[PDB]
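The next block holds one structure in the form of structure tokens; read it before the comments.
Protein chains: 2
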Amino acid sequence: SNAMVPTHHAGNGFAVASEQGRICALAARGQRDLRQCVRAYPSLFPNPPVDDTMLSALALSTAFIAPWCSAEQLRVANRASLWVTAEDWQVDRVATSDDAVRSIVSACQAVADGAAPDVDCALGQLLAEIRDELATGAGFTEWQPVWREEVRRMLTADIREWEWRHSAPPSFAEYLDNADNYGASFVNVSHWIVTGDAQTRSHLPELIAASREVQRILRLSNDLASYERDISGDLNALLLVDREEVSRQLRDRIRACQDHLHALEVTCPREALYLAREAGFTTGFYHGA
Amino acid sequence: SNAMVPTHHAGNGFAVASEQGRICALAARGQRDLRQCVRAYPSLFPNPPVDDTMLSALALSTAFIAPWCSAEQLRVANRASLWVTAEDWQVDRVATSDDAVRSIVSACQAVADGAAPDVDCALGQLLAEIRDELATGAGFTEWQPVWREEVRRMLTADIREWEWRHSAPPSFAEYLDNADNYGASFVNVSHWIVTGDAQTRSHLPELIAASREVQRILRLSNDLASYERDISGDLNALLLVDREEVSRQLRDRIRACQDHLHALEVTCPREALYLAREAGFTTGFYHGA
């Protein structure tokens, strides 16, 4: 216990710190496509909320989840990420009628199915850009239905959240089943489409199941520290169950997802490690101990 | 070689990624004193160069070098860091006469010796703030001469660099002996003054020697990637020796400093690990592979 603790730690610290410095350099390289993206569509990203610190947090999350990736290879994942936020802020706020939310949802689903976006809709044109980036960068064929279905799940979950917001509240379990609106699996599938190979497509079903698991862990981790922020009038998991239940839930789900990823990295080592780093970085950054 | 490579990596990845996410959260907490500091003395920090991305890079370096520290405990080290940059930019540019550099140097040395700063000099008042922060936060007595001497070494090195800039150029070895102007040991000593205890003061001589070693490694790592930037008219180590010599030099010096820190962490584990993480993060971030 005492002499059993290692007695030299500098060597290792340098190594780890050097990897961390390289990853922050990678994240800094990742920010220029974020600025360009925002540039082209300032209609979607207001500066008041979206400062360079927001883009930097997003870029560091992206780089640390998949540190083996080029900044170019992380361009899809970043922009998709951006888009999710953009999408949320035109349903979380800019929408007012039960009508606009549905029309935004139908428009983005139509764009995700290859149709052109209308001239006025910046969200649709950013998604068209992401779709074309996938089309020319996809590492395997027949990626379209998978990505289309991820878009569909996300939009469906988002309007179910809208409905609950404006309605006389779901149970904790229904709320957790609606995590697709968090957008993590949309981003993960968009990333795997450009960074994966045919064997990645081979294993896509199991990978998406594990991604939904990670996404539930992410929703709980997020709300656990978003309580006062939404306290916004938005939904949050502490209103369904108190902090002891959500905390123990996050703990158990983390252990279970790690067992599943431990089994899965035999079939898919890169993608399972990517999911583990996603869950890891996000829970750690959210907690902030 | 093949079956000898480990066959499970997700568990560990989560753990590491979670530590990295926590450290980025810590760095984000560290940025508010940076903004306040800049606030009080915009006379010293122009926005064109100093954007939130600069403060974020500095904050992440600070947090990753000493991740065991509170954001409060990293306030000294951050501001000192800021000050160094500030100091450099009023000798690197705002000075014109052989006279102003010397007067700035004398003024900051006087402030570091307890004297009040003049009403017009923002650099001197920021250093007075840092000095008072040390005075009320010092973890041991008789810190003043050590910090005063670090200030003296830094300012002396800075005007020797000014002289060389405006003169008909040193050899590589003299340039490397002048690394105190990089400011790493000033920052390290300022940090150890508020985070250390009496045993830290006990071991201060060896710790400062190791800090100067790390600082030389940092100067080489910095110039290796600052070549085109200074190409500014400033001095850089690739003009004295070509890239093969500087690279092999960085390699050998890194190995030697790690052997020394491996010996030293027996006497001082936290401070040696701090130096190892400093060298680590900085070389990795500079290289940017």
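Quick mapping for you: the protein sequence lines, in order, are chains A and B.
Counted the way the numbering used here counts, the first sequence spans residues 661 to 949.
Counted the way the numbering used here counts, the second sequence spans residues 661 to 949.
Idealized CB from N, CA, C, for every residue including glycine.
Next on the checklist: For the alpha helix (DSSP H) containing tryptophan 743 of chain A, name the first residue and the last one.
Outcome noted: 735-751
Next on the checklist: Contact criterion: CB-CB distance below 8 Å. Does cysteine 729 of chain A meet it with respect to chain B?
Outcome noted: no
Next on the checklist: Buried or exposed, going by whether 16 or more other CB atoms sit within 10 Å of the CB of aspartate 883 of chain B?
Outcome noted: buried
Item to check | Any 3 or more C-beta pairs closer than 8 Å across the region 754-763 of chain B and the region 699-710 of chain B | outcome: no
Checklist entry - Under 8 Å, do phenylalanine 941 of chain B and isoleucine 683 of chain B count as touching if we go by C-beta distance? => result no
Next on the checklist: To test your reading of the DSSP string, which unbroken alpha helix (DSSP H) runs of 4 or more residues are found completely within the region 758-832 of chain A?
Outcome noted: 758-772, 782-797 and 804-825
Next on the checklist: Can you tell me where the alpha helix (DSSP H) holding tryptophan 852 of chain A begins and where it ends?
Outcome noted: 844-855
Checklist entry - If you follow the alpha helix (DSSP H) that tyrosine 887 of chain A is part of, which residue opens it and which one closes it? => result 887-890
Next on the checklist: Restricting to runs no shorter than 3 residues, where is the beta strand (DSSP E) found entirely within the region 684-725 of chain A?
Outcome noted: none
Next on the checklist: Beta-carbon within less than 7 Å of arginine 812 of chain B's beta-carbon, same chain only, minus the 5 sequence neighbours each way: which residues are those?
Outcome noted: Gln769
Next on the checklist: Tell me the rounded alpha-carbon separation between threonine 943 of chain B and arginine 791 of chain A.
Outcome noted: 38 Å
Checklist entry - Rounded to whole angstroms, how far is the Cβ of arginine 808 of chain B from the Cβ of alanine 772 of chain B, which I believe are closer than 8 Å? => result 5 Å
Checklist entry - Who are the neighbours of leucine 933 of chain A on chain B, taking C-beta pairs under 7 Å? => result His669, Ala670 and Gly673
Next on the checklist: Under 8 Å, Cβ to Cβ, is there at least one residue of chain A near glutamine 733 of chain B?
Outcome noted: no
Item to check | Helix, strand or coil at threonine 927 of chain B [DSSP, three-state] | outcome: coil
Item to check | Where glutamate 873 of chain A sits in the DSSP three-state scheme | outcome: helix
Next on the checklist: For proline 702 of chain B, tell me which candidate among B:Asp857, B:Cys917 and B:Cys781 has the shortest Cα-Cα distance.
Outcome noted: B:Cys781
Checklist entry - Can you name, in chain order, every residue of its own chain whose Cβ lies under 7 Å from the Cβ of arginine 876 of chain A, other than the five neighbours on each side? => result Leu836, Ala839 and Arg913
Checklist entry - Would a C-beta distance cut-off of 8 Å place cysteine 697 of chain A and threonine 855 of chain A closer than the cut-off? => result no
Next on the checklist: Measuring alpha carbon to alpha carbon, tell me which residue in B:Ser892, B:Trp803, B:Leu786 and B:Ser763 is nearest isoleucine 819 of chain B.
Outcome noted: B:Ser763
Checklist entry - Can you tell me whether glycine 893 of chain A is buried or exposed, with buried defined as 16 or more other CB within 10 angstroms of its CB? => result exposed
Next on the checklist: Just verifying my parser: in three-state terms, what is the DSSP assignment at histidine 668 of chain A?
Outcome noted: coil
Checklist entry - Is it a yes or a no for the region 918-932 of chain B touching the region 862-877 of chain B, going by three-plus beta-carbon pairs under 8 Å? => result yes
Item to check | Cα-Cα separation between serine 716 of chain B and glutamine 691 of chain B, rounded to whole angstroms | outcome: 7 Å
Checklist entry - Using a Cβ-Cβ distance under 8 Å, would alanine 770 of chain B count as near chain A? => result no
Item to check | Secondary structure of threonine 943 of chain A, DSSP reduced to three states | outcome: helix
Item to check | Chain-ordered chain B contacts of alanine 833 of chain A [CB-CB under 7 Å] | outcome: Near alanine 833 of chain A there are no residues of chain B at all, since even the closest Cβ is about 25 Å away, more than 7 Å.
Checklist entry - Between the region 815-833 of chain B and chain A, which residues of the former have a C-beta closer than 9 Å to a C-beta of the latter? => result none
Item to check | Proximal residues to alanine 858 of chain A (C-beta, below 6 Å), its chain only, five neighbours per side dropped | outcome: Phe800
Item to check | Inter-residue spacing [alpha-carbon to alpha-carbon] between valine 779 of chain B and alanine 700 of chain B | outcome: 14 Å
Next on the checklist: To the nearest angstrom, how far is the alpha carbon of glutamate 793 of chain A from that of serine 741 of chain B?
Outcome noted: 41 Å
Checklist entry - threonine 943 of chain A versus chain B: which residues are under 8 Å apart at the beta carbon? => result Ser678 and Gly681
Next on the checklist: Assuming the contact rule is C-beta atoms closer than 8 Å, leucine 815 of chain A and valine 874 of chain A should be a hit. Round their C-beta distance to whole Å, please.
Outcome noted: That belief does not hold up - the Cβ atoms of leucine 815 of chain A and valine 874 of chain A are roughly 20 Å apart, past 8 Å.
Next on the checklist: Quick check: what's the CA-CA separation for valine 847 of chain B versus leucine 694 of chain A?
Outcome noted: 33 Å
Checklist entry - Of the residues that make up the region 706-722 of chain B, which ones have a beta carbon closer than 8 Å to any beta carbon in chain A? => result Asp711, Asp712, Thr713, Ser716, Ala717, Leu720 and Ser721
Checklist entry - Below 8 Å between beta carbons: does that hold for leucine 933 of chain B and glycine 681 of chain A? => result no
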